[PDB]
Amino acid sequence: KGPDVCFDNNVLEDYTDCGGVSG
Amino acid sequence: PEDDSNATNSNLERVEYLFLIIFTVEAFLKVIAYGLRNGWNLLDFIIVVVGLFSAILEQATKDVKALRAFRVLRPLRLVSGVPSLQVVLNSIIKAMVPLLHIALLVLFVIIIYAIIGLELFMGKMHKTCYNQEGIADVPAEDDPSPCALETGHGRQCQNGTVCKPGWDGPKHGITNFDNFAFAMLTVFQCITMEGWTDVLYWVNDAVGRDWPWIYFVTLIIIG
Amino acid sequence: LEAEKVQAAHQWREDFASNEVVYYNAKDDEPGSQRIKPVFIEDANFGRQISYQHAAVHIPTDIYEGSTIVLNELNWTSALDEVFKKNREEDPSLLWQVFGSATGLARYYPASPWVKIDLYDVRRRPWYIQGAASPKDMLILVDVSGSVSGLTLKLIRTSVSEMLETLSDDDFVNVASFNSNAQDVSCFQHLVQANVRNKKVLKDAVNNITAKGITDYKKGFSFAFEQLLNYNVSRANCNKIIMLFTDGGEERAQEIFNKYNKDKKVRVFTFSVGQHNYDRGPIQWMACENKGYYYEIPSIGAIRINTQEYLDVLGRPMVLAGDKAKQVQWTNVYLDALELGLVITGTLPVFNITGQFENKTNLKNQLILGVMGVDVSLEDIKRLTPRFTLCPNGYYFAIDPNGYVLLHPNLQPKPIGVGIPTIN
Amino acid sequence: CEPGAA
Amino acid sequence: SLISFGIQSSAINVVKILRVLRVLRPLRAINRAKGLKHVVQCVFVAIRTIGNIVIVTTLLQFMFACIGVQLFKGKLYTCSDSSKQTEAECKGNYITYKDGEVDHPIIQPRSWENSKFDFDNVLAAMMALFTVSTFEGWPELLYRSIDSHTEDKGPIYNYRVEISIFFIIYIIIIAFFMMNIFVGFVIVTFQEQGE
Amino acid sequence: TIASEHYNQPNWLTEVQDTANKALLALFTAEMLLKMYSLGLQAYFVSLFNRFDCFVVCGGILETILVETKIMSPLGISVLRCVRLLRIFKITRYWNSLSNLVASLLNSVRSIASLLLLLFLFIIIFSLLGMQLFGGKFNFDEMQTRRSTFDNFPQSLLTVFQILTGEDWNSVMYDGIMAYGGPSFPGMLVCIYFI
Amino acid sequence: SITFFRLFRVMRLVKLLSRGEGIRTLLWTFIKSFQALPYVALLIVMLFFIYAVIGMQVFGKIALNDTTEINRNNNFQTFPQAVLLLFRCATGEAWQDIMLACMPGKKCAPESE
Ligand SMILES: *[C@@H]1O[C@H](CO)[C@@H](O[C@@H]2O[C@H](CO)[C@@H](O[C@@H]3O[C@H](CO)[C@@H](O[C@@H]4O[C@H](CO)[C@@H](O)[C@H](O)[C@H]4NC(C)=O)[C@H](O)[C@H]3NC(C)=O)[C@H](O)[C@H]2NC(C)=O)[C@H](O)[C@H]1NC(C)=O
Ligand SMILES: *[C@@H]1O[C@H](CO)[C@@H](O[C@@H]2O[C@H](CO)[C@@H](O[C@@H]3O[C@H](CO)[C@@H](O)[C@H](O)[C@H]3NC(C)=O)[C@H](O)[C@H]2NC(C)=O)[C@H](O)[C@H]1NC(C)=O
Ligand SMILES: *[C@@H]1O[C@H](CO)[C@@H](O[C@@H]2O[C@H](CO)[C@@H](O)[C@H](O)[C@H]2NC(C)=O)[C@H](O)[C@H]1NC(C)=O
Ligand SMILES: CC(C)CCC[C@@H](C)[C@H]1CC[C@H]2[C@@H]3CC=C4C[C@@H](O)CC[C@]4(C)[C@H]3CC[C@]12C
Ligand SMILES: CC(C)CCC[C@@H](C)[C@H]1CC[C@H]2[C@@H]3CC=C4C[C@@H](O)CC[C@]4(C)[C@H]3CC[C@]12C
Ligand SMILES: *[C@@H]1O[C@H](CO)[C@@H](O)[C@H](O)[C@H]1NC(C)=O
Ligand SMILES: *[C@@H]1O[C@H](CO)[C@@H](O)[C@H](O)[C@H]1NC(C)=O
Ligand SMILES: [Ca+2]
Ligand SMILES: [Ca+2]
């Protein structure tokens, strides 16, 4: 029986910070 | 590296078909005007024929991809085209016949020194320091150097190492004097004055330091 | 609650090192840093010499102290020693209380000297990775095409084997490979648990892969998404991530990323491994459209630091949850780093809340500052279950919601085995 | 376990 | 000689800067070995004749050195750990793995170091271009210059491969053409003397 | 002002070289317009030195713009004005020969540019052949990247040029030998390419 | 000393080089030209002597570490060895590495004080 809590897919997340955005 | 590819290579492999078609059409048209004794026309013919061979073999087998090194000979057709470059190419390889009594002396010197270094250094560079524990590795640092057993006058191993036989060679076994194939190349490389001190020092660390310099100094002074 | 209020009231000193921050480096026996010398009495509750006057700091050998990032953290993580010194009085049985910071330095309570080469990083420990993010369903994609042969494939086989070490028993993993044909590297063929035995099969089949053939990103990515939609097997039903190991390419696979990842439920982390000259532009696009990150591993020394930072992206939804994410989580039974036997560890992540009331948050406040842990020894849990009254054949035992025992008279303080021993 | 070789 | 075994006390350099001046003994045989004086005079006439080539070669090497200073000043710096691209980021220790073995860690210090030959000032550029024109160690400098991208920053693999045109032009002009003009000048002058 | 630029210069030096590089360009342009006027256009563009000087001044004018508009980094353009130091030779007799040498070099251009064309063709042919022979086969497990490979056209051109200069020509052959096996019979027949 | 006489048989090969004009004319003419100018080749000997002595006096005491370019094989500690070093530099064989290894700031030899 795995953990009951789950924390993913929030709509306030940034999404603007990859590793190639700098260049 | 390992049969990988991209889209550009796949497009060039199909442009090659058009280039071969053009060259074959040229070959056939020129063949039916004359019924070819020229050297350049022979080069064109043997280029187009091997190109057809390569294409057919590649289609059949779906090394084949090694005889495609006849297409690096196509840029030679530029000399054939412009006649102001044929003159210069003839001026280049016409003063080479005089440099044929100095290409035979070089051949004699290389042979003589390769036989002398084969009667002197044959198999003397196949041992190195190996630690006294779990070995088969050469603890002689990143670049191992030949040593000598504690009876000769070569390099002696360090305080915590032992000179043991069973070693490949100074440069993976390419720089040696083991036969008249490995010596003929070492002598040539020393004659070109590149990496000759490396060979001299490797011999110095294997047989001693008194005599070996007479070989490598006279070899460069004469050759 | 006293490590988040103090940090919120911290002024970022860039070159105020002349203020001489004072601490005690654990591994010693400097510009801007003093050094405390403790008394080091010997205690029986622990097995070492511990002083109750301050908290020791462990800075990894690869992390240079006296830096602007490090010196700032040794300044604001100094009010902890007052609340570290306060938890003990209520319960004098408190063991190691540790704050594992995201910079790499941990500050543990029992001021005690650290334990050849010290390859310890607080960000890789099981009690830190457990609290830094929720469980996951990572599927690893390995490029075994022709262009990766040589040194690049050597760094890929190590990188895949080093990320698997960042997986717990609540996470499910599987490793695939594409060389113009998509296939698994092992006998599993679906998502399996990441326990000790299954992790050894996956990292032994990784060490036996050969690089040959053309590359096809579209065929290898359909095999990845289709393996995360199984739902026949037991899964974690949590963060679904795809981690692609490769060098470079010229294909973005836009069609595949819209046939499957239209709602952006799967995160794609892309790693560019090795020293080469290839277009990494398409690789960075996959990690940006899909809510992931892009990493570069050019040498062996970059493997350890780059295979653990994918947890800063998985913790973003957890930070924004708020006080609902403040749940104490106890880890599996493991041997303590500072030679204390078999212990379990609590866990509570701390958040960056600078500028909470005044609306300037969510700039960098989507990341956790660190994970705080507290150790409970199994000899303490063995003291609330007396045995000398039942019989010689009677005993107590307790298990997790996984089957693994936490307390049992057959569990010995020694690591469990996974296969026959081999040595060259 | 005894140190079995490879 | 004389004013030396008389110092008989002043180690103060002096002796050790008067001893390296005995090396002139061989040169006192020039005047007493007619035939050896003639070759010295001939070589002096030859070096007086070949002055234009040397002057216009030094003038060109100076301009090439200035161009190299413009292109590579403060750019060919490297940290021992190939992950730090700033001097302030290149302090402390780092772990290097011997023989590419992940199970053989070794701690080594981090050092911000320049190239062996660097285009920082004009004299260092002159020296580097001289050792490039002697065809010694020039591939190392070429591939260290290819990686350089920014001042006060570390190298980047194959950043500007096109910068090799500078070195190729330098070898073409100052190592293939100007060092053959000098030999042709010597041959022509000797032919004129013989004719 | 061109030769006094080093790395990490003081703040006053970079302003001195920024105001002098303009105050001297202005004077050279004034001399340009005076040359056009007092002599005439054709009498200006007769002499060879008078066409190179116009090239240098127009280059300076067009390169100040790129620097001030932050498009490209300085490469060295005003350094070609130091070629005008050759005018010192006009006071001595080492100017007739220097001018005559340049005159002969300019008269023989269809020969120089034709002799260099076969050298370029030789390098290109032996670059494509070497790239076919050793393309991607220099991928050894060891950590060294082996910067001198035959992987692309620019890299294979650099490798062939390095072999042509002769520096470390044996290190590339030791790598091409192990890329076809080792010190064995058929594999080692690849050294005929390098020889 | 048995090998000193094993190098005699290979020397018989020069008889084949002797036969045939071209080779035997070019070699003889150049040998007699080298013999006709024995003083032009003495300038090189004088230069080597002077520079070897100067290098012997200046860089003589540098410690011989085998991890550098001044090692047991390459050093200034004897006139034959200094002449060999100068010959190597004239050949143009990593001479700049020797120059950098002779830079100020090295360890002196244990024997020298
Ligand atoms: C929790 O979050 C808060 C903010 O939400 C964060 O506080 C912020 O810290 C940064 C430092 O990383 C401050 O940045 C200031 O402004 C610039 C931006 O970095 C700095 O100038 C240079 O920046 C470059 C990076 O591009 C850096 O490499 C360089 O060293 C910097 N200094 C130079 C070139 O001299 C400033 O130095 C820096 N400090 C100032 C201006 O005092 C933000 O201002 C901080 N924000 C707030 C609101 O205070 C905090 O660090 C987070 N917690 C942790 C543990 O990291
Ligand atoms: C990170 O930065 C500084 C490193 O020392 C600390 O700032 C100093 O803290 C001292 C301790 O409180 C202050 O001394 C006293 O401060 C109180 C509060 O204002 C007052 O009683 C006096 O100002 C002062 N007492 C004296 C001088 O007798 C320093 O004033 C203060 N300096 C500055 C520039 O802020 C930070 O506390 C430290 N962070 C943590 C968490 O320790
Ligand atoms: C198990 O997975 C399969 C596919 O991965 C699901 O779909 C089944 O596929 C099999 C094989 O073709 C067929 O029997 C049917 O197409 C599906 N079976 C059904 C609908 O009962 C399947 O739904 C998953 N679950 C189970 C319990 O089988
Ligand atoms: C006629 C012209 C070309 C003469 C050139 C000489 C002048 C401009 C150059 C030549 C070498 C230069 C020096 C080279 C190196 C350094 C070391 C450092 O402290 C910066 C200044 C300083 C000291 C430079 C100052 C300017 C300098 C002296
Ligand atoms: C003449 C100049 C221009 C180029 C010389 C190339 C030819 C003569 C040589 C150079 C490299 C050689 C190859 C080197 C190695 C191998 C691998 C093995 O299968 C034996 C043959 C083969 C394939 C050789 C065939 C002959 C070869 C192609
Ligand atoms: C710790 O738990 C024990 C168990 O009953 C009890 O003393 C109390 O709840 C705690 N002790 C404190 C808070 O001092
Ligand atoms: C070379 O010289 C000695 C020999 O061991 C030692 O100091 C070191 O290995 C080298 N020198 C330096 C300064 O590193
Ligand atoms: Ca690929
Ligand atoms: Ca060389």
# chains A, B, ... in the order shown; residues from 1 in each chain; ligands from 1
>>> residues_around(residues="region 383-398 of chain C", least_positions_apart="5", cutoff="6 Å", atoms="only C-alpha atoms", output="PyMOL selection string")
chain C and resi 405-408
>>> residues_around(residues="region 147-150 of chain B", least_positions_apart="6", cutoff="10 Å", atoms="only C-alpha atoms", output="ChimeraX atom specification")
/B:124-129,140,156-158,162-165,202-208
>>> write_last_selection(atoms="N, CA, C and O atoms", output="mmCIF file, in the first residue's frame")
data_model
loop_
_atom_site.group_PDB
_atom_site.id
_atom_site.type_symbol
_atom_site.label_atom_id
_atom_site.label_comp_id
_atom_site.auth_asym_id
_atom_site.auth_seq_id
_atom_site.Cartn_x
_atom_site.Cartn_y
_atom_site.Cartn_z
ATOM 1 N N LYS B 124 64.448 -5.453 -26.601
ATOM 2 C CA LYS B 124 65.002 -4.973 -25.343
ATOM 3 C C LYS B 124 64.102 -3.967 -24.639
ATOM 4 O O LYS B 124 64.496 -3.425 -23.602
ATOM 5 N N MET B 125 62.907 -3.710 -25.166
ATOM 6 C CA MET B 125 62.031 -2.695 -24.596
ATOM 7 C C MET B 125 60.669 -3.281 -24.251
ATOM 8 O O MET B 125 59.634 -2.699 -24.592
ATOM 9 N N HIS B 126 60.655 -4.432 -23.576
ATOM 10 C CA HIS B 126 59.415 -5.134 -23.266
ATOM 11 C C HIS B 126 59.301 -5.449 -21.778
ATOM 12 O O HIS B 126 58.704 -6.459 -21.400
ATOM 13 N N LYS B 127 59.864 -4.600 -20.921
ATOM 14 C CA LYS B 127 59.756 -4.776 -19.480
ATOM 15 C C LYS B 127 59.625 -3.415 -18.813
ATOM 16 O O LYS B 127 60.146 -2.413 -19.309
ATOM 17 N N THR B 128 58.922 -3.388 -17.684
ATOM 18 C CA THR B 128 58.642 -2.140 -16.985
ATOM 19 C C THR B 128 58.387 -2.441 -15.514
ATOM 20 O O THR B 128 58.209 -3.595 -15.116
ATOM 21 N N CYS B 129 58.381 -1.379 -14.707
ATOM 22 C CA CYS B 129 58.077 -1.512 -13.288
ATOM 23 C C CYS B 129 56.664 -2.051 -13.101
ATOM 24 O O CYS B 129 55.721 -1.604 -13.759
ATOM 25 N N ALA B 140 54.141 2.281 -13.124
ATOM 26 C CA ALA B 140 55.205 3.159 -13.590
ATOM 27 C C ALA B 140 54.690 4.525 -14.016
ATOM 28 O O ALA B 140 55.317 5.163 -14.871
ATOM 29 N N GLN B 156 66.629 1.748 -13.381
ATOM 30 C CA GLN B 156 66.296 0.882 -12.261
ATOM 31 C C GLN B 156 64.971 1.323 -11.655
ATOM 32 O O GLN B 156 64.710 2.520 -11.508
ATOM 33 N N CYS B 157 64.135 0.346 -11.310
ATOM 34 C CA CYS B 157 62.813 0.637 -10.781
ATOM 35 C C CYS B 157 62.919 1.388 -9.453
ATOM 36 O O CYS B 157 63.981 1.474 -8.831
ATOM 37 N N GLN B 158 61.785 1.931 -9.016
ATOM 38 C CA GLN B 158 61.753 2.747 -7.813
ATOM 39 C C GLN B 158 61.908 1.871 -6.572
ATOM 40 O O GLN B 158 62.132 0.659 -6.649
ATOM 41 N N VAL B 162 59.270 -3.342 -8.926
ATOM 42 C CA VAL B 162 60.150 -4.389 -9.432
ATOM 43 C C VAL B 162 60.083 -4.397 -10.953
ATOM 44 O O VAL B 162 59.000 -4.300 -11.541
ATOM 45 N N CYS B 163 61.248 -4.495 -11.591
ATOM 46 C CA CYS B 163 61.349 -4.556 -13.047
ATOM 47 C C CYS B 163 60.991 -5.966 -13.496
ATOM 48 O O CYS B 163 61.774 -6.903 -13.328
ATOM 49 N N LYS B 164 59.803 -6.124 -14.074
ATOM 50 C CA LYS B 164 59.333 -7.432 -14.495
ATOM 51 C C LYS B 164 59.078 -7.459 -15.997
ATOM 52 O O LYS B 164 58.614 -6.470 -16.571
ATOM 53 N N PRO B 165 59.370 -8.580 -16.659
ATOM 54 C CA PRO B 165 59.110 -8.678 -18.102
ATOM 55 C C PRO B 165 57.627 -8.742 -18.423
ATOM 56 O O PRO B 165 56.781 -8.643 -17.528
ATOM 57 N N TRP B 202 63.906 6.163 -24.591
ATOM 58 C CA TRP B 202 63.404 4.819 -24.333
ATOM 59 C C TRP B 202 64.514 3.784 -24.461
ATOM 60 O O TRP B 202 64.587 2.843 -23.663
ATOM 61 N N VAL B 203 65.384 3.936 -25.462
ATOM 62 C CA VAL B 203 66.549 3.062 -25.553
ATOM 63 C C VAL B 203 67.515 3.304 -24.403
ATOM 64 O O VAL B 203 68.107 2.352 -23.883
ATOM 65 N N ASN B 204 67.685 4.558 -23.984
ATOM 66 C CA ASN B 204 68.547 4.887 -22.860
ATOM 67 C C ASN B 204 68.080 4.251 -21.560
ATOM 68 O O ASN B 204 68.914 3.917 -20.712
ATOM 69 N N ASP B 205 66.774 4.083 -21.387
ATOM 70 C CA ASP B 205 66.211 3.482 -20.187
ATOM 71 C C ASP B 205 66.150 1.962 -20.259
ATOM 72 O O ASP B 205 65.633 1.332 -19.333
ATOM 73 N N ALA B 206 66.664 1.358 -21.329
ATOM 74 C CA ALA B 206 66.523 -0.082 -21.504
ATOM 75 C C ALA B 206 67.867 -0.791 -21.620
ATOM 76 O O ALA B 206 68.013 -1.922 -21.150
ATOM 77 N N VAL B 207 68.852 -0.149 -22.247
ATOM 78 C CA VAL B 207 70.143 -0.790 -22.476
ATOM 79 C C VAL B 207 71.310 -0.052 -21.842
ATOM 80 O O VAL B 207 72.409 -0.627 -21.737
ATOM 81 N N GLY B 208 71.155 1.195 -21.406
ATOM 82 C CA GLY B 208 72.241 1.970 -20.851
ATOM 83 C C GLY B 208 72.245 3.357 -21.447
ATOM 84 O O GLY B 208 71.320 3.747 -22.166
#
>>> residues_around(residues="residue 22 (chain F)", least_positions_apart="5", cutoff="12 Å", atoms="only C-alpha atoms", output="JSON list (two decimals) with N, CA, C and O atoms, in the first residue's frame")
[["chain", "number", "residue", "atom", "x", "y", "z"],
["F", 1, "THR", "N", 49.92, 53.74, -29.10],
["F", 1, "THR", "CA", 48.61, 53.54, -28.50],
["F", 1, "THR", "C", 48.03, 52.16, -28.80],
["F", 1, "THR", "O", 47.24, 51.65, -28.01],
["F", 15, "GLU", "N", 41.10, 55.07, -21.65],
["F", 15, "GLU", "CA", 40.57, 56.33, -22.14],
["F", 15, "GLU", "C", 41.57, 57.08, -23.01],
["F", 15, "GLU", "O", 41.18, 57.74, -23.98],
["F", 16, "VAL", "N", 42.86, 56.97, -22.69],
["F", 16, "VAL", "CA", 43.89, 57.57, -23.54],
["F", 16, "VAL", "C", 43.88, 56.92, -24.91],
["F", 16, "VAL", "O", 43.91, 57.60, -25.94],
["F", 17, "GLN", "N", 43.81, 55.59, -24.95],
["F", 17, "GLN", "CA", 43.75, 54.87, -26.22],
["F", 17, "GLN", "C", 42.40, 55.01, -26.91],
["F", 17, "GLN", "O", 42.31, 54.71, -28.11],
["F", 27, "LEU", "N", 43.15, 63.16, -37.95],
["F", 27, "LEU", "CA", 44.29, 63.72, -38.66],
["F", 27, "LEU", "C", 44.60, 62.93, -39.93],
["F", 27, "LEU", "O", 44.94, 63.51, -40.96],
["F", 28, "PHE", "N", 44.48, 61.61, -39.86],
["F", 28, "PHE", "CA", 44.74, 60.79, -41.04],
["F", 28, "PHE", "C", 43.68, 61.03, -42.12],
["F", 28, "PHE", "O", 44.00, 61.03, -43.31],
["F", 29, "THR", "N", 42.43, 61.28, -41.72],
["F", 29, "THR", "CA", 41.41, 61.61, -42.71],
["F", 29, "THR", "C", 41.64, 63.00, -43.30],
["F", 29, "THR", "O", 41.37, 63.23, -44.49],
["F", 57, "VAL", "N", 42.52, 53.64, -44.11],
["F", 57, "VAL", "CA", 41.74, 54.72, -43.51],
["F", 57, "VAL", "C", 40.25, 54.43, -43.62],
["F", 57, "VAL", "O", 39.49, 54.65, -42.66],
["F", 60, "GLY", "N", 39.44, 51.89, -41.03],
["F", 60, "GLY", "CA", 39.33, 52.49, -39.72],
["F", 60, "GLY", "C", 38.00, 53.19, -39.52],
["F", 60, "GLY", "O", 37.33, 53.02, -38.49],
["F", 61, "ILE", "N", 37.58, 53.98, -40.51],
["F", 61, "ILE", "CA", 36.31, 54.70, -40.40],
["F", 61, "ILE", "C", 35.15, 53.72, -40.26],
["F", 61, "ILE", "O", 34.25, 53.91, -39.44],
["F", 63, "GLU", "N", 35.26, 50.63, -39.16],
["F", 63, "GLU", "CA", 35.38, 49.78, -37.99],
["F", 63, "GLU", "C", 35.15, 50.51, -36.68],
["F", 63, "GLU", "O", 34.84, 49.86, -35.68],
["F", 64, "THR", "N", 35.29, 51.84, -36.65],
["F", 64, "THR", "CA", 34.85, 52.57, -35.47],
["F", 64, "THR", "C", 33.35, 52.40, -35.25],
["F", 64, "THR", "O", 32.88, 52.30, -34.10],
["F", 65, "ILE", "N", 32.57, 52.36, -36.34],
["F", 65, "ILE", "CA", 31.12, 52.26, -36.24],
["F", 65, "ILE", "C", 30.72, 50.95, -35.57],
["F", 65, "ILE", "O", 29.86, 50.92, -34.67],
["F", 68, "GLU", "N", 31.51, 51.06, -31.82],
["F", 68, "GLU", "CA", 30.67, 51.94, -31.01],
["F", 68, "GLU", "C", 29.22, 51.48, -30.98],
["F", 68, "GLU", "O", 28.48, 51.81, -30.05],
["F", 78, "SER", "N", 43.65, 49.28, -37.22],
["F", 78, "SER", "CA", 44.63, 50.35, -37.23],
["F", 78, "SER", "C", 46.06, 49.83, -37.14],
["F", 78, "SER", "O", 46.99, 50.60, -37.41]]
>>> residues_near_ligand(ligand="ligand 1", cutoff="12 Å", atoms="only C-alpha atoms and all ligand atoms", output="MDAnalysis selection string")
(chainID A and resid 22) or (chainID C and resid 3:16 67:77 100:105 350:356 358:370) or (chainID E and resid 85:86 88:89)
>>> residues_around(residues="region 9-16 of chain A", least_positions_apart="4", cutoff="8 Å", atoms="only C-alpha atoms", output="JSON list (two decimals) with N, CA, C and O atoms, in the first residue's frame")
[["chain", "number", "residue", "atom", "x", "y", "z"],
["A", 21, "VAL", "N", 17.10, 28.01, -21.10],
["A", 21, "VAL", "CA", 16.55, 29.36, -21.26],
["A", 21, "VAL", "C", 17.67, 30.39, -21.27],
["A", 21, "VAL", "O", 17.62, 31.38, -22.01],
["C", 265, "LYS", "N", 1.11, 16.18, -18.50],
["C", 265, "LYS", "CA", 1.12, 15.40, -17.27],
["C", 265, "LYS", "C", 2.46, 14.73, -17.01],
["C", 265, "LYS", "O", 2.76, 14.37, -15.87],
["C", 288, "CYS", "N", 11.60, 22.24, -22.09],
["C", 288, "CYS", "CA", 10.90, 23.49, -21.84],
["C", 288, "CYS", "C", 9.41, 23.39, -22.10],
["C", 288, "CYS", "O", 8.60, 23.84, -21.28],
["C", 291, "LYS", "N", 7.18, 20.20, -18.78],
["C", 291, "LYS", "CA", 7.60, 20.93, -17.60],
["C", 291, "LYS", "C", 8.79, 20.27, -16.91],
["C", 291, "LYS", "O", 8.66, 19.78, -15.79],
["C", 292, "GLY", "N", 9.95, 20.29, -17.56],
["C", 292, "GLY", "CA", 11.12, 19.64, -17.01],
["C", 292, "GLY", "C", 12.32, 20.56, -16.85],
["C", 292, "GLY", "O", 12.17, 21.72, -16.48],
["C", 316, "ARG", "N", 8.45, 21.74, -6.85],
["C", 316, "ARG", "CA", 7.69, 22.96, -7.09],
["C", 316, "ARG", "C", 6.22, 22.84, -6.72],
["C", 316, "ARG", "O", 5.71, 23.72, -6.02],
["C", 317, "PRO", "N", 5.48, 21.80, -7.14],
["C", 317, "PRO", "CA", 4.08, 21.69, -6.70],
["C", 317, "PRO", "C", 3.94, 21.49, -5.20],
["C", 317, "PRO", "O", 2.88, 21.82, -4.65],
["C", 320, "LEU", "N", 4.10, 25.11, -3.27],
["C", 320, "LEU", "CA", 2.89, 25.90, -3.42],
["C", 320, "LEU", "C", 1.70, 25.29, -2.69],
["C", 320, "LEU", "O", 0.67, 25.97, -2.56],
["C", 362, "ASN", "N", 7.14, 33.74, -5.11],
["C", 362, "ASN", "CA", 7.15, 32.95, -6.34],
["C", 362, "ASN", "C", 8.20, 33.41, -7.34],
["C", 362, "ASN", "O", 8.15, 33.05, -8.51],
["C", 366, "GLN", "N", 9.77, 29.10, -5.01],
["C", 366, "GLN", "CA", 9.19, 27.82, -5.38],
["C", 366, "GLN", "C", 10.09, 26.65, -5.03],
["C", 366, "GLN", "O", 9.72, 25.50, -5.29]]
>>> interface_residues(of="chain A", to="chain C", cutoff="6 Å", atoms="only C-alpha atoms", output="list in words")
residues 1, 7, 8, 10, 15, 18, 19 and 20 of chain A
>>> residues_around(residues="residue 95 (chain G)", least_positions_apart="2", cutoff="10 Å", atoms="only C-alpha atoms", output="number ranges by chain")
E: 131, 134, 136-137; G: 69, 85-86, 88-93, 97-101
>>> write_last_selection(atoms="N, CA, C and O atoms", output="short mmCIF file (atom, residue, chain, number, x, y, z; two decimals), in the first residue's frame")
data_model
loop_
_atom_site.label_atom_id
_atom_site.label_comp_id
_atom_site.auth_asym_id
_atom_site.auth_seq_id
_atom_site.Cartn_x
_atom_site.Cartn_y
_atom_site.Cartn_z
N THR E 131 57.15 30.94 -30.91
CA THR E 131 57.10 29.49 -30.70
C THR E 131 56.03 28.81 -31.53
O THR E 131 56.00 27.58 -31.63
N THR E 134 58.02 28.49 -34.94
CA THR E 134 58.97 27.39 -34.88
C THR E 134 58.29 26.03 -34.94
O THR E 134 58.98 25.01 -34.82
N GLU E 136 56.48 24.42 -32.91
CA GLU E 136 56.58 23.64 -31.68
C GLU E 136 55.44 24.01 -30.75
O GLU E 136 55.30 25.18 -30.38
N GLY E 137 54.64 23.02 -30.38
CA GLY E 137 53.54 23.25 -29.47
C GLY E 137 52.45 24.15 -29.98
O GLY E 137 51.64 24.64 -29.19
N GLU G 69 60.77 18.68 -17.75
CA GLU G 69 61.56 18.57 -18.96
C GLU G 69 63.06 18.69 -18.70
O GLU G 69 63.84 18.71 -19.65
N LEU G 85 71.54 18.39 -25.24
CA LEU G 85 70.37 19.24 -25.08
C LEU G 85 70.32 20.32 -26.16
O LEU G 85 69.25 20.60 -26.73
N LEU G 86 71.46 20.94 -26.46
CA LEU G 86 71.50 21.95 -27.51
C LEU G 86 71.20 21.34 -28.88
O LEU G 86 70.55 21.96 -29.71
N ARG G 88 69.26 18.74 -29.39
CA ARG G 88 67.82 18.52 -29.39
C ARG G 88 67.06 19.81 -29.66
O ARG G 88 66.09 19.83 -30.42
N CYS G 89 67.49 20.92 -29.04
CA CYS G 89 66.84 22.20 -29.27
C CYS G 89 67.02 22.67 -30.71
O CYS G 89 66.09 23.22 -31.31
N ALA G 90 68.21 22.46 -31.27
CA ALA G 90 68.44 22.79 -32.68
C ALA G 90 67.54 21.97 -33.59
O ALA G 90 67.04 22.47 -34.60
N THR G 91 67.34 20.69 -33.24
CA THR G 91 66.37 19.87 -33.95
C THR G 91 64.96 20.41 -33.80
O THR G 91 64.08 20.07 -34.59
N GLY G 92 64.72 21.28 -32.81
CA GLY G 92 63.40 21.80 -32.57
C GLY G 92 62.48 20.74 -32.01
O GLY G 92 61.54 20.31 -32.67
N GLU G 93 62.76 20.30 -30.78
CA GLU G 93 62.04 19.20 -30.15
C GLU G 93 61.59 19.66 -28.76
O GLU G 93 62.28 19.39 -27.77
N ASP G 97 59.43 23.90 -24.00
CA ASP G 97 59.22 23.23 -22.73
C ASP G 97 60.48 23.27 -21.87
O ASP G 97 60.41 23.48 -20.66
N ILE G 98 61.65 23.10 -22.49
CA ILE G 98 62.90 23.22 -21.76
C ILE G 98 63.09 24.65 -21.27
O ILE G 98 63.55 24.89 -20.15
N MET G 99 62.74 25.63 -22.11
CA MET G 99 62.86 27.03 -21.69
C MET G 99 61.98 27.30 -20.47
O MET G 99 62.42 27.97 -19.52
N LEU G 100 60.75 26.79 -20.48
CA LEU G 100 59.87 26.98 -19.33
C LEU G 100 60.36 26.22 -18.11
O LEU G 100 60.18 26.68 -16.98
N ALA G 101 60.98 25.05 -18.31
CA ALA G 101 61.55 24.31 -17.19
C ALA G 101 62.82 24.95 -16.66
O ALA G 101 63.26 24.59 -15.56
#
